[PDB]
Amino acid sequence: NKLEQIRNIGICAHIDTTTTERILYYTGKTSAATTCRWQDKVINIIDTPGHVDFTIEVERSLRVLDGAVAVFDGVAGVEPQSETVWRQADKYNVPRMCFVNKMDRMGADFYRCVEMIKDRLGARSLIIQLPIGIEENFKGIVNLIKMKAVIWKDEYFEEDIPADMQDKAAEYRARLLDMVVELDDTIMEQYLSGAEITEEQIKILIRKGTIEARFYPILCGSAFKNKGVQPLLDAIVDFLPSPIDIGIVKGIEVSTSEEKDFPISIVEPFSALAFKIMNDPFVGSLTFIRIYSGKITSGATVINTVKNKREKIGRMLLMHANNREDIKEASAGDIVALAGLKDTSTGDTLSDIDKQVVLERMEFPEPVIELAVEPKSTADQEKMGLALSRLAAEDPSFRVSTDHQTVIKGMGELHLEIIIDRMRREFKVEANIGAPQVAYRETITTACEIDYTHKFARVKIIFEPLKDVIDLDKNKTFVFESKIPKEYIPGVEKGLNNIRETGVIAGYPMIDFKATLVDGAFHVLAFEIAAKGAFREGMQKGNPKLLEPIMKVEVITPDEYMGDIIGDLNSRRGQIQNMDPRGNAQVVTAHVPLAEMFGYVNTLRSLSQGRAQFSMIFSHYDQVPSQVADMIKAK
């Protein structure tokens, strides 16, 4: 089966020639993904670096790849940057191997680095290699599976383990076997009875253990001096999962909103996730997708289930080390680039029309952070619009609005920082940005009726906080209903919708309420004036209250910092929801008001020596305390 021959991988390395360069040279004899071959497998190397700190992109990278190679600086050991990615991989139980690099550099200490992998990361390490020679003398590795040394001259060759290392080699051989036979009772009895265990036997258990994330095979080498890359390639093919081994992709069936495990299979309907959009001067914008089921041929019609818009498959490309290949068909397991797509963003799902699925749940929360923009001069206004809209399509969680001064709206600081930067740099737009503003909201607490007359039209309307209504069939923030004296019912809606943006307390939009038009009168046209007065006066009678965005904060930290981290979260009016041990770390889940989260990236770093990490998504609105409610009515 073609599907079992695939290896979808990331190479996670803190940029030191690099390991990935050596990988790419050996298969032949810049891209979001590169496809190459080793032994009898097709390897798809996902470029894991990106924003590198955005969080969303890192998790999306981890769902596209199926296994990972974690590369550790042989001289530095385990570094904060590598810990934090390793923790994210723990989240998804990504099958992983460790490659201890730079074994030729001054101070390179394989065994110190293995100790940090075991200690700092709490990873169960399966050492299948030992280094031969220290620093400048590093010459190769002892393969503990074959019990043989592999040496590189300056050509290479496999020989008996060097004499002065037979003690270490034979001791690690055992430690390996004790780890490996824990996954089977029969071979366990075979190893206990004294019989020799075959290499093929050992490779199978190592593979099972690696795929189930029971342990992590450790390898070493030197990409600089070009030593150890071939065995790493062999271990990638031998031990990292195929998409068959993953078995399922998680998602939602669109018609039912039911979450589901979708089987990875070519005979099931087509589905794919776009993970990077890359601009190319020769072929235009490329959308890289990982296909999880079904097939697409050029000319097929699929549907973008996040945008709910059809797309047509035109050009399809495979990226190799130094050439692109036009292909006319792609199928489950493949990673390919599509050209000329109309409106598809990273994170979007492309699906069969007959069965629509979404693979990355994409609730589009109302923006929490708002920024005022003024173009530098009257000229750039043309560039100031085309650029901000070209980016609001590539990213739907960003919005731009205008008051009949333009305003941009995002979901967090770093999110807006990246946009403003691409705005001035990539698009040569010159403008001036104001200071951020929290997107406060307003609601009513109690039901309130009001008969309002303008002169001459008169409406009589009941306002109700949705939490108390006795109806429904959907879930909108503002609900309209008219149990009516007039055929002008459309006129009341327009007025009510236009003015709720301007709330009664302090100018913020009113949300979470029904408005029931009951009875009226007439004598002209344009009832919006009266419906506005009803709202403007009525809503003061429903005990209106200011609302602030509350964020779901998820902090992954090593236990020693959690006391400080939790105390700081509570100083931000945060409320801890849960703690779960993951390895030797803790996952803290909290609700914190966005207003108290500015600069948390840098605070968390200084509180955890760089070893903690966090993610933040909009949770809900709730009422603001008295002290801040006065702080908001200040302006």
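Sequential numbering from 1, following the sequence displayed.
- Missing coordinates between residue 472 and residue 473 amount to 1 to 3 residues of the deposited sequence.
- Missing deposited residues between residue 425 and residue 426: none, as the chain runs unbroken there.
- As recorded in the PDB entry, 514-522 is the stretch of 514-522 and 136-144 with the greater mean C-alpha temperature factor.
- In this entry, 46-54 shows the higher mean Cα temperature factor of the pair 46-54 and 572-580.
- You'll see in the entry that, of 430, 360, 311, 354, the Cα B factor peaks at 430.
- The top Cα temperature factor in the record, among 316, 170, 300, 306, falls on 170.
- Among all modelled residues in its chain, residue 14 ranks in the highest third by Cα B-factor.
- Among the modelled residues of its chain, residue 118 has a C-alpha B-factor that falls in the middle third according to the deposited record.
- Looking at the C-alpha B-factors along this chain, the one for residue 8 belongs to the lowest third.
- Among the modelled residues of its chain, residue 41 has a C-alpha B-factor that falls in the middle third according to the deposited record.
- Remark: residue 563 belongs to the lowest third of its chain, ranked by C-alpha B-factor as recorded.
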